[PDB]
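J.: Any chance you could fold what I've pasted below:
(4 chains)
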Amino acid sequence: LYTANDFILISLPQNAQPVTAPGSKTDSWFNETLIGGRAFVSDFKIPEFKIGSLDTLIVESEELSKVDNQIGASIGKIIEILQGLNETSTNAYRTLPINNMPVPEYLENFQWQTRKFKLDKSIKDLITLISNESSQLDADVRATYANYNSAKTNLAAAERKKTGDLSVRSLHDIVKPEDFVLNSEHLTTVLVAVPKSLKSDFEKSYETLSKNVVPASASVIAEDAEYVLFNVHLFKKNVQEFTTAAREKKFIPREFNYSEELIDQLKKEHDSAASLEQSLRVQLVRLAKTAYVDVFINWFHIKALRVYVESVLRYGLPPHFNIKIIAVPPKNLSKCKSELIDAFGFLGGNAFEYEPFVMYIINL
Amino acid sequence: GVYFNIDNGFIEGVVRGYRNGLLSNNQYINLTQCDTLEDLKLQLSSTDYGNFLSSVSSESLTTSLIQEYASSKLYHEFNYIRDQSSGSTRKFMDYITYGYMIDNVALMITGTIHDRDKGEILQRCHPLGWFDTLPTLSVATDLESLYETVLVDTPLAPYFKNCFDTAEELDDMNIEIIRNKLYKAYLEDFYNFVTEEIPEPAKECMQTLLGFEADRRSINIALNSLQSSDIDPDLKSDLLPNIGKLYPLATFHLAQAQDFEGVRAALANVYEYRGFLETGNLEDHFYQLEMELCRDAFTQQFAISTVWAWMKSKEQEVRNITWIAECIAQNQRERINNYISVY
Amino acid sequence: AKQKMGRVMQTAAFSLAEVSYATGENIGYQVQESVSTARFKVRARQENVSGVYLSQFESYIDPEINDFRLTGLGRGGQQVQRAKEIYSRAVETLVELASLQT
Amino acid sequence: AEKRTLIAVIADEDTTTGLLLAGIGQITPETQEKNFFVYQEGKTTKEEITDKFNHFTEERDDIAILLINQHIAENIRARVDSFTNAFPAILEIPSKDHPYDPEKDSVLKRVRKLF
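T.: Numbering: from 1, shown residues only, chains lettered A, B, ... in the order given. You can find the structure just below:
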């Protein structure tokens, strides 16, 4: 497997013969150098239709480099989002197969620049189309991130509702009866409090509210963990007196409407929160994974286009360049880079930052 | 910390008693569900604040009045504690006061570059950073006259002599350079004073917390300077706080950074700050870390750092009250849960 | 537009209050003293609504100024963006009001 | 006319003036003037507010709007007088710290009268 192994793509003119191992056939010399690095590679190229001017070619190359950077950033963001959703199980990258094949198997072929991508237009048009597709994929990823944020907010609201028995925001914790069911106009006959200390203090507060606040009535108690709590009976003709007694009792009152409409609204909110969380964690996750695979394919195609553009700029026309696959061992990246630097017997315009090879791009 | 109670035992006791008055998470939840600002005042009166705000009418109540009155109570408490402090503890609280005297003097040089008005600035100058000669410093019309008014007879002397020349601050912008560099010098001097004249564990729970203050200042400088290319990196290096976990290794890369991505690369470099700026806004995470460090400052018993922990905890507690008051008065209750409570 | 004006202005005011909470201090005086040049301008150009040469206002958002954009924390920049959107909405409302009067 | 940034006269709340300045504001370099006219409630004279309104809408000549931040409640007569012309200034009453009810708005009053 070795899915974590890095990838460095390269290309060279057909007449090339590297000076690292003089006298060896180009494919044979590459393989021996690859064998020197214990590596492997295969041809992967598509003849583009770009015949634009040198200035047009340079502008297209700059735009392609920018688009490749953007596509790589989008792919990394999608991979990070998937890993957050516990999708990147084996590894943060290359774990998810693409086009019903693992990452190296997909890299073992580059015929994707056909049909669905072969616009047969200039390189600028294909680059713009790929950029638009990448932007659409990024928009889908952003929508998935927004759904995940909404799911997180819903989960936080649910946790706040179920934070604890004391100061509980979940009206379902209180029974439907003894909760102002069929409340009278002049007497609500219900109140909720969560006093501190023992329940005896709550009874005294109820005893304090038992006079001049509401006619004597009984209501159930609540646990509220160690802090005391109890449903209370409060009148509406003297609702101000009951509220004042609750405030002055230092019992941290938390009374609220326990009508059927409130219970239905709370149940609907909980159901919507659960549904949104499940949707974002399953359907949005699968859509994001598919979009990440598509974005990886598109980024590979864009990298191929950029490599072709560079091979038309660095190396000279007519197009006869031969590309090589990016496969390399996980720990042989430095040795492969050194070997490529030694073999780069061309492009002397640099000092006697960009690689002096005809094409050199490291991925993942 | 056996010797700590010879001079600061009563002060420590009073500060801890004040800490017992900090709004718990249940108190914040109760304040959150307040229908209107007047109901918020009514529910707040049940707390240690009590009838502090009853002196004003209900219709006159506003979020600015909420902040003014609660911060006035905070400042009364701090002034009482400082007045009942002695020796190195008084110097430590004096240092705290200089922390805001920096801002007051920086505000005062504004309105002296352009001497349009006075007096109203003194009214706006919050009292936590007050000094006796500030009214005298107000009358100085010329910027240079105010410079020697603050170069001597004020505790601002070492910072001004440290990195400023009398004609230099005319060109420098007050916010971008003048106040930030003064905070810089303040932080090195305060960290040095702590390393010299403090007892353990107040030692450690000051270096860590002042290092966090320096780190937040550095992060704000790095993430604000990118929008203004006029600040060259070498001055930025002269502007970074020189203290904290970032220094030495990170602050250099933050100074040399020229974009958000570079600051991200140089910022997620250290542990406590991965994902710290990636998600959400800086202010909320910075305040959360500040509350975490303050809570720890309260885990210690015989440490003078409880004064600083109480100051910052009570300031962020009034900030949370004002945030809730705004979310209620503006009816923006959808983001009322941005308050940070660690009690 | 006027009934939504209260909502949009109070949202902008809440953004300003968030900026103040982040910065701690009242940045109002600093912002007032830091004004140097107009970053937001009204483009007074004439229209032809139903044959009448009504004049409306368009927004000249000039990012090059950024006079007050480099002061304070990033909450300052966020509040600047929010207030810029609110000011664009208010400029649209003012152009509509001028058209109504004419 | 001369395209100018929107004026800012805020006497009912200086926070609105601060937010408007944070958006954008201009100060005349040579004349040392400034579009901002932030006034503290209960501190700026009503005559002073009317003088500022005259100096902005009636004295200064340009193409710009002029916000009032609901401070025109005391200066309603001056606001109505200045509303007789749409140029060189166009009045507006943004919601300040005190909410701006449409009832007190001169433009809304005219619209309701013409309804």
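
J.: Can you name the residues that contact residue 51?
T.: Using chain A here. For residue A:51, the contacting residues are residue A:122, taking C-beta atoms under 8 Å, 6 or more residues apart in numbering or on different chains as the criterion. All C-beta spots, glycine's among them, are computed from the backbone N, C-alpha and C.

J.: In which helix or strand does it reside?
T.: For residue A:51, there is no host helix or strand (DSSP states H and E).

J.: And for residue A:273?
T.: helix A:260-313.

J.: That helix and chain B in contact?
T.: No - Helix A:260-313 is not in contact with chain B by C-beta under 8 Å from any C-beta of the partner chain; minimum separation 13.7 Å.

J.: Okay, now stretch A:184-194: how far is its last residue from its first?
T.: 24 Å (C-alpha to C-alpha, to the nearest Å).

J.: neighbours of residue B:235, just the number please.
T.: 16 (other C-beta atoms under 10 Å in any protein chain shown).

J.: excluding its backbone neighbours, what's nearest it?
T.: In space, and not counting its chain neighbours, residue B:235 is closest to residue B:177: 7.3 Å by C-beta to C-beta, 6 or more residues apart in numbering or on different chains.

J.: Residue numbers of chain C in contact with chain B?
T.: Residues of chain C lying near chain B (C-beta under 8 Å from any C-beta): C:10-11, C:13-14, C:17-18, C:21-22, C:24-26, C:29-30, C:33-34, C:66, C:69-78.

J.: Next up, the contacts around residue C:76.
T.: B:224, C:19, C:23, C:27, C:68, C:69, D:22.

J.: from those, which is closest to chain A?
T.: Closest approach between those and chain A, by C-beta to the nearest C-beta: residue C:19, at 22.6 Å.

J.: So what does the closest one look like in phi/psi?
T.: phi -60, psi -40 (degrees, to the nearest 10).

J.: List the contacts of the nearest residue to residue B:142 once chain neighbours are set aside.
T.: In this structure, residue B:142 finds its nearest non-sequential neighbour in residue B:112, 7.7 Å apart by C-beta to C-beta, 6+ apart. Residue B:112 sits next to B:140, B:141, B:142, B:143, B:146 when contact means C-beta under 8 Å, 6+ apart.

J.: List only buried entries from these.
T.: Neighbour counting by 16 or more other C-beta atoms under 10 Å in any protein chain shown classes B:140, B:143, B:146 among the contacts of residue B:112 as buried.

J.: Closest one to chain A out of those residues, please.
T.: residue B:143 (48.0 Å).

J.: Compute the number of surrounding residues for residue B:9.
T.: 11.

J.: how about the strands in the stretch 201-343 of chain B?
T.: With strands called from DSSP state E, counting those that start in this stretch, the stretch 201-343 of chain B shows none.

J.: could the contacts of residue C:76 be laid out in a markdown table, adding secondary structure, distance to residue D:50 and neighbour count?
T.: Putting those into a markdown table (DSSP: H, G, I helix; E, B strand; the rest coil; distance: C-beta to C-beta, whole Å; neighbours: other C-beta atoms under 10 Å in any protein chain shown) gives the following:
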| residue | secondary structure | distance to residue D:50 | neighbour count |
| --- | --- | --- | --- |
| B:224 | helix | 40 | 22 |
| C:19 | helix | 32 | 26 |
| C:23 | helix | 34 | 18 |
| C:27 | coil | 29 | 24 |
| C:68 | coil | 29 | 25 |
| C:69 | coil | 34 | 19 |
| D:22 | helix | 27 | 32 |
